[PDB]
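One letter stands for each residue in the lines below.
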Protein chains: 4
Amino acid sequence: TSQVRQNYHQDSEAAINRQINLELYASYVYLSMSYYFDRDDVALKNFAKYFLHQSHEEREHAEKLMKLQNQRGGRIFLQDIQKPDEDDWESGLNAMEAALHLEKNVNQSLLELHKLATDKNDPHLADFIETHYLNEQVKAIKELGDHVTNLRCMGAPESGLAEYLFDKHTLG
Amino acid sequence: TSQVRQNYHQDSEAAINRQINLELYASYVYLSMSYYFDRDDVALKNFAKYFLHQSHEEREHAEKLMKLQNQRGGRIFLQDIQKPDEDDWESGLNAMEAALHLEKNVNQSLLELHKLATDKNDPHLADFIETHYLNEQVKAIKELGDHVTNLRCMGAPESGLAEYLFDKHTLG
Amino acid sequence: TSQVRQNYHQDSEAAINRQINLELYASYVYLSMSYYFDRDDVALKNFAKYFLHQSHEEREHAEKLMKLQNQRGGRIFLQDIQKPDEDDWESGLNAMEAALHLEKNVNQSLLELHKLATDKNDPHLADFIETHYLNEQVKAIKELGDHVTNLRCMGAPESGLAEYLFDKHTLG
Amino acid sequence: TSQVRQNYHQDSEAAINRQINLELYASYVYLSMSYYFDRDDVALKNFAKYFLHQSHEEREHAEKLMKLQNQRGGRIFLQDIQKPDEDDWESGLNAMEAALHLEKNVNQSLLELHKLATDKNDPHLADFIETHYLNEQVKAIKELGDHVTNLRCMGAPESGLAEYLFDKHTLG
Ligand SMILES: [Ca+2]
Ligand SMILES: [Ca+2]
Ligand SMILES: [Ca+2]
Ligand SMILES: [Ca+2]
Ligand SMILES: [Ca+2]
Ligand SMILES: [Ca+2]
Ligand SMILES: [Ca+2]
Ligand SMILES: [Ca+2]
Ligand SMILES: [Ca+2]
Ligand SMILES: [Ca+2]
Ligand SMILES: [Ca+2]
Ligand SMILES: [Ca+2]
Ligand SMILES: [Ca+2]
Ligand SMILES: [Ca+2]
Ligand SMILES: [Ca+2]
Ligand SMILES: [Ca+2]
Ligand SMILES: [Ca+2]
Ligand SMILES: [Ca+2]
Ligand SMILES: [Ca+2]
Ligand SMILES: [Ca+2]
Ligand SMILES: [Ca+2]
Ligand SMILES: [Ca+2]
Ligand SMILES: [Ca+2]
Ligand SMILES: [Ca+2]
Ligand SMILES: [Ca+2]
Ligand SMILES: [Ca+2]
Ligand SMILES: [Ca+2]
Ligand SMILES: [Ca+2]
Ligand SMILES: [Ca+2]
Ligand SMILES: [Ca+2]
Ligand SMILES: [Ca+2]
Ligand SMILES: [Ca+2]
Ligand SMILES: [Ca+2]
Ligand SMILES: [Ca+2]
Ligand SMILES: [Ca+2]
Ligand SMILES: [Fe+3]
Ligand SMILES: [Fe+3]
Ligand SMILES: [Fe+3]
Ligand SMILES: [Fe+3]
Ligand SMILES: [Fe+3]
Ligand SMILES: [Fe+3]
Ligand SMILES: [Fe+3]
Ligand SMILES: [Fe+3]
Ligand code: NA
Ligand code: NA
Ligand code: NA
Ligand code: NA
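X-ray crystallography is the method the PDB entry lists for this structure, together with a resolution of 1.25 Å.

Next up, the structure:
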């Protein structure tokens, strides 16, 4: 057993390894979305920048979970990072909708992790999740919902003028 | 023979003279496009500025080829600069499409020049073209494609509001 | 066909997609190595920092290839990022040796890509690889070789004092 | 009853008084360790500084618990601060091992306090412990584990050169 390990259940250690993979996956999804908007036949540079920023932030979140695993004396076991479920993200609105869905899935996983930590009486882990993950997730979901609403209200995706102006005025 | 000339084939010298003319031609096409957008019945000032900038950049590219010809001990032979194929460029979208076509033609010529340099085992000339021309061309073609995509998606040329807003938000 | 595509062979497009995956893989290997050195039973913070920096640099290299694919009018097709071949990297020396092996594999792939570009008379792609990848690779391989030499000469891995002092004085 | 007291169980008040004593004890242990390293026949000045800093930090932690007791309307009851279990700490490695053991004992006490707060439905107390104590403890335990690992790997305590160089390069 690691000399630092204390009050850290095997199930929690495994769940942290799963969460590391999920954050790396989210990073990859956002990377894919970013470069879709960089295509010459899409060409929405601020959508591209927005999703690239999200990509980098998710990588930072994964690295913080890796640090946590080592802090608690668990052992990191990495898994393949699955490629995303689309190659072509169709439109600004469709990508924002897919990001909203992704973030709600990540939140669900984090809520299950918090429940596990609480069930195993691991308040350090529970607080780590609350402090560094849960409000970030709520903020991200709210922002994506706001973006979806505006794009729909503006007439996307059928109005290409809508996506163009949203790219300039909200994401720029 | 020039005291500096070394490993510089007559065919390469001739091809550089042709490329000088083609860059000067491109400069003239962009000059024409610029002042079309300055007409009182067109009046898109940022289209005008964008194409004037491209005009000046093409002139700089021609001057760099003239410098190259002298650096290698070739002799510059200038030719007439043909007037462009249109007087009236019709719309912002149509001008961007014509610029895309022009840039792909210039790129084709540069690729043939590179092939000639390679065939004549002239690595200085090949590298000059790669370093100062080929990625600039790829970037210019990508940018023009991006512009064409956005104008089409926004509803140009039939939507005059589209060209107006593109002039303000992308070219401004 | 993409409106920007010119002189860009289908085989080159596919090879760029493979190279994107390989750079993302390398990023993941370095991420794994970094956090191995962050374990409480390893605890070499400058090894950890060195490999994290390499991880981030490889991600940047992958993103530049994605940009290239779009610049040329190819289409990005992402693939799974395979997990690394080890979970436990054993020692500072062993990790440096594995990084050297990885970098030589990436270089081999880049050299094959350059050969393909040359065979398809794609000087833009050949120059992109030369300018942004080939000397970076030679520098990285030389640095890793230097590190391996010093660790071996100092008595690693059996001398834990050697790895400690290398962490402080070379990587710090 | 104190005019401020609300939702503050007698058992929680008593547990806070015990925790105040334990933090003061930890401060005293670190004070002892610090001045052991200041002996002329030990003479490791950065070990001495490291443990003196920990001593002062533990005192600050005790004072914050005293403030908490008063904030909640409990009453501070101080107890003797027991002298440490050693006078002679033997070596840098042995002191680091004893500090690791101490910090895990303090963490265990804090985890029991959190469980008590949760069992008495005192979320203010639970959050106070999580926010100001639990991650600090995890960080301290991880750091001490890292130090123990490095000293052992370097050949301490039998290698006096190891302790000397660790004092200079890690603690300096
Ligand atoms: Ca445990
Ligand atoms: Ca367990
Ligand atoms: Ca596990
Ligand atoms: Ca997994
Ligand atoms: Ca798969
Ligand atoms: Ca699929
Ligand atoms: Ca599918
Ligand atoms: Ca499908
Ligand atoms: Ca909390
Ligand atoms: Ca000659
Ligand atoms: Ca000749
Ligand atoms: Ca000639
Ligand atoms: Ca001519
Ligand atoms: Ca004529
Ligand atoms: Ca004519
Ligand atoms: Ca005509
Ligand atoms: Ca005509
Ligand atoms: Ca082609
Ligand atoms: Ca082809
Ligand atoms: Ca392909
Ligand atoms: Ca692949
Ligand atoms: Ca696999
Ligand atoms: Ca394997
Ligand atoms: Ca294996
Ligand atoms: Ca094996
Ligand atoms: Ca070159
Ligand atoms: Ca030294
Ligand atoms: Ca009360
Ligand atoms: Ca009570
Ligand atoms: Ca009491
Ligand atoms: Ca007591
Ligand atoms: Ca006593
Ligand atoms: Ca005693
Ligand atoms: Ca005793
Ligand atoms: Ca004794
Ligand atoms: Fe996340
Ligand atoms: Fe997220
Ligand atoms: Fe040009
Ligand atoms: Fe040009
Ligand atoms: Fe690389
Ligand atoms: Fe590399
Ligand atoms: Fe404490
Ligand atoms: Fe402490
Ligand atoms: Na943005
Ligand atoms: Na402009
Ligand atoms: Na370093
Ligand atoms: Na110190």
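That shown, we press on.
**Focus on the interface of chain A and chain B**
Facing 13 residues of chain A, the contacting portion of chain B comprises 11 residues. Between chain A and chain B lies a buried interface of about 960 Å² when both sides are counted; carbon and sulfur atoms form 61% of it. Its largest share of buried area at the contact with chain B, chain A owes to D40, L161 and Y164 of chain A, together 52% of the area lost on that side. Between chain A and chain B we count zero salt bridges in total. Counting across the interface, chain A meets chain B through four residue pairs in polar contact. Partitioned by chemical class, the residues of the side of chain A that touches chain B number six nonpolar, two polar and five charged.

**Quick look at the relation of the copies chain C and chain A**
Between chain C and chain A, the superposition needs a rotation of 180° and an axial shift of 0.0 Å, giving an RMSD of 0.0 Å. Classification of the inter-copy transformation places it as that of a two-fold axis. When C-alpha positions in chain C are compared against the rotation axis, the closest is assigned to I81 of chain C, at 2.5 Å. Taken as a fraction of all interface residues of chain C, those also at the interface in chain A reach 100%, which identifies the copy contact as same-surface.

**Observations regarding the coordination of the iron ion (ligand 42)**
All names here are of chain D. Every protein donor of the iron ion (ligand 42) is accounted for by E23 (OE), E58 (OE) and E58 (OE), and the metal-donor separations fall at 2.2 to 2.8 Å. In this model, the iron ion (ligand 42) sits 2.5 Å from the iron ion (ligand 43), the two metals being bridged by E58. Of the two residues, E23 is situated in helix α1 (residues 10–37) and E58 in helix α2 (residues 45–71); the sequence distance between them amounts to 35 residues. The pair formed by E23 and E58 is uniform in burial state, with each residue classed as buried.

**Thoughts on the interface of chain C and chain A**
Taken residue by residue, the interface counts 32 residues in chain C and 32 residues in chain A. At the level of elements, α1 (10–37) and α2 (45–71) of chain C are the ones that each hand at least two residues to the side of chain C that touches chain A. Broken down by element, the residue count for the side of chain C that touches chain A peaks at seven residues, all from α2 of chain C. A class-by-class count of the residues in the side of chain C that touches chain A yields 12 nonpolar, nine polar and 11 charged.

**Quick notes on the relation of the copies chain A and chain B**
For the pair chain A and chain B, the relating rotation is 90°, the translation along its axis is 0.0 Å, and the fit reaches an RMSD of 0.0 Å. What the rotation and shift describe, once combined, is the action of a four-fold rotation axis. When each C-alpha of chain A is compared by its distance to the rotation axis, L165 of chain A comes out closest, at 6.2 Å. Interface residue correspondence from chain A to chain B reaches only 15%, placing this contact among heterologous pairings that use different surfaces.

**With respect to the arrangement of the chains**
Ranking the five pairs of chains in contact by contact count places chains A and C at the top. A minimum C-alpha distance of 47 Å separates chain B and chain D, which share no contact.

**Describing the packing of aromatic side chains**
Evaluated as defined, the whole model comprises 30 aromatic pairs over all chains. On the basis of an interplanar angle of 70° and a centroid distance of 5.3 Å, the ring pair of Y50 of chain D and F51 of chain D is categorised as edge-to-face. According to the relative accessible area criterion, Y50 of chain D is buried, its value standing at 12%. Here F51 of chain D falls in the buried class, since its relative accessible area comes to 0%. A network of ring pairs unites the aromatic residues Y164 of chain A together with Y30, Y36, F37, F47, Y50, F51 and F166 of chain B as a single cluster. Looking at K168 of chain C, its charged tip hangs above the ring of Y164 of chain C, at a distance of 3.6 Å from the centre.

**Overview of the UniProt feature "binding site: Fe cation 1" in chain A**
Residue and element names in this part refer to chain A. Within this numbering scheme, the UniProt entry marks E23, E58 and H61 as carrying the feature "binding site: Fe cation 1". Spatial clustering of the annotated residues is evident: they stretch over 39 residues in sequence, but the largest pairwise C-alpha distance comes to 6.7 Å. If near-sequence neighbours (up to four positions away) are discounted, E23 is found in contact with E58, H61, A62, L65, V106, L110 and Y133. Beyond its immediate chain neighbours, meaning those up to four positions away, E58 contacts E23, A26, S27, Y30 and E103.

Each value, and the rule that gives it
- Note on numbering: positions run from 1 along each chain as its sequence is written and may not match the entry's numbering; residues without coordinates are not listed.
- To read the labels, note that chains go from A and ligands from 1, taken in the order they are written.
- Values throughout apply to the visible chains only, these chains being members of a larger assembly.
- Based on all heavy atoms of the structure, the side-chain values leave hydrogens and waters out of the count.
- Residues with missing side-chain atoms are left out of burial classes, side-chain pairs and their counts.
- Working rule for contacts: check all heavy atoms of both residues, and any pair within 4.5 Å makes them a contact.
- When two parts are brought into contact, each loses some accessible area as probed by a 1.4 Å sphere; the total of that loss over both is the buried area.
- Just to be clear on terms, a salt bridge is a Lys or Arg side-chain nitrogen sitting within 4 Å of an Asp or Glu carboxyl oxygen.
- Any N or O atom pair separated by 3.5 Å or less is treated as a polar contact, with the protein-specific requirement of one donor-capable and one acceptor-capable atom, and with residues adjacent in sequence counted only for side-chain atom pairs.
- Throughout this entry, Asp, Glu, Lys and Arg are counted as charged residues, while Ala, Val, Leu, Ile, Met, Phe, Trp, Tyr, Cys and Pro are counted as nonpolar. The remaining residues, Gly among them, count as polar.
- All copies sit on top of one another after a least-squares fit of their C-alpha atoms.
- The donor set comprises N, O and S atoms within 2.8 Å of the metal, extended to 3.2 Å for Na, K and Ca; water molecules are omitted, so apparent gaps in a site may simply reflect that omission.
- Under the DSSP-based scheme used, a helix requires at least four consecutive residues in state H or I and a strand at least two consecutive residues in state E, with every element numbered from the N terminus.
- Here's how the labels work: a residue is buried when its accessible area is under 20% of the maximum for its type, exposed when over 50%, partly exposed in between, all with a 1.4 Å probe on protein chains only.
- Note on aromatic pairs: the rings of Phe, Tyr and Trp (six-membered ring only in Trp) are paired at centre separations within 6.5 Å, and the planes decide the class, stacked below 30 degrees, edge-to-face beyond 60, tilted for the rest.
- Ring-over charges, as used throughout, are those where CZ of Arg or NZ of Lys falls within 6 Å of the ring centre and within 35 degrees of the ring normal.
- UniProt positions are given in the numbering used here, feature names are shortened, and annotations may be inferred rather than shown by experiment.

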